[PDB]
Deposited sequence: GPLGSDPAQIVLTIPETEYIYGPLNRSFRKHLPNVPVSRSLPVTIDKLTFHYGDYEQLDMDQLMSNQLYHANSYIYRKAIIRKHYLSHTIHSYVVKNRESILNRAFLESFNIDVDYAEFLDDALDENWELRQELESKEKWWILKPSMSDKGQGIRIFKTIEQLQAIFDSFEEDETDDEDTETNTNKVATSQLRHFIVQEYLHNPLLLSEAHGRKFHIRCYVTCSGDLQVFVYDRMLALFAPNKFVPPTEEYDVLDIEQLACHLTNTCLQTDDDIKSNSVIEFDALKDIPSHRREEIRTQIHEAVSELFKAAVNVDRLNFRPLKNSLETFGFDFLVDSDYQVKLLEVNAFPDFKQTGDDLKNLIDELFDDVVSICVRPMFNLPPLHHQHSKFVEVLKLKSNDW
């Protein structure tokens, strides 16, 4: 009746964990490393994005895969912005009005027509006019990424370029990163694994990662307003710790960061599913674990930056392997077991928290 297909190369970091988890929580279901000619039994195919069969997922209810079909509205940072913007319009109280770093796409030919480019992206103009945020002007192709806060400052940046490439991203900039003693003043972002299961349950994995920058954070001035110069200089010539292990963050601040994360994830999936534009279409026979990247400011406030599909789970060390082992244990015991008509395995003080449930 039941079948499990694991087409992931045996060299991949998650192979051993997935096999132990399939063995433990689905002992009666055989594991195969090859997709059969036809799917005539209920099956779960855990593969790399390209190995999965999207046509058999939308047409055959027997075939279950570790991916959704329509997820562009959240995994694409341009479209993510649109999903959030259109949702906050009718949802003023939403955490997403604070917990998201907006980005915009601008096309500027010459500095003298900067005002026309700001009209061709009216959302951006209004934001810059509000004068409440810091911004970064990133040339989409790698004259250096520069900081500004006002239209005149942006105008002066463009004027100085004239005395190249025309596409640019204007991304909200966090001038305020949380700087910890123990990390020797190196900033970090949070990688949070989020598992969507069927139509629709959203599960946030509470054992999160803090990925630190190599160098000590140096805030830019007006004399020097560029960042990642070593990246633009590179074209002219051709640390990971578990978040909860950071004790310089008081425990109640760590809990508030978790609360904000669960709220932001829940709100995003409500936004994604309900938008009147391009939306996330949950499938009953799909599950997917995404990599949510959040920035933390010096006031312990989170800011969603992006959602990454098929994230690299590869780590080094025993403590980080334990983290990934418990992740795939929860995914298999809670999300995979029910698609084989087996009850979801529950254990007290779970780190796999259900943050949203939709009945559809």
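- No C-alpha positions are given for the deposited-sequence stretches 1 to 6, 149 to 151, 173 to 190, 266 to 277, 400 to 402.
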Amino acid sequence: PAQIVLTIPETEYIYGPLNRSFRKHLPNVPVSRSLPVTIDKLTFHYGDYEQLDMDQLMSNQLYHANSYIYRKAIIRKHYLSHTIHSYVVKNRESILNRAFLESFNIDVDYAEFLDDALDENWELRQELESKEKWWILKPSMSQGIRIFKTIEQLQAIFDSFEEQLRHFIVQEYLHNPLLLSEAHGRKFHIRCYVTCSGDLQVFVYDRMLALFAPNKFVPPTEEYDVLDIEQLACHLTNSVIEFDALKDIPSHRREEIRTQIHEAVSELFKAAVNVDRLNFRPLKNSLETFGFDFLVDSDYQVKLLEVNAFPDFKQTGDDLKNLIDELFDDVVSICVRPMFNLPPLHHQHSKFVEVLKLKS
From here on, numbers count along this sequence of modelled residues.
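- Comparing 227 to 235 with 286 to 294, the higher mean C-alpha B-factor in the PDB entry belongs to 227 to 235.
- Relative to one another, 127 to 135 and 247 to 255 have unequal mean CA B-factors, and 127 to 135 is the one with the higher figure.
- When the Cα B-factors of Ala271, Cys196, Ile241, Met141 are read from the PDB record, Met141 comes out highest.
- Residues shown: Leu209, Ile84, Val275, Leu101. Highest C-alpha temperature factor in the entry: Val275.
- When the CA B factors of the chain's modelled residues are split into thirds, the value for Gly185 lands in the middle one.
- Residue-level temperature factors show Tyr110 in the highest third of its chain, judged at the C-alpha atom.
- Ranked within its chain, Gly47 lands in the lowest third, by CA B factor from the PDB record.
- Among the modelled residues of its chain, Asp330 has a C-alpha B-factor that falls in the middle third according to the deposited record.
- When the modelled residues of the chain are ordered by their C-alpha B factor, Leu18 lands in the middle third.
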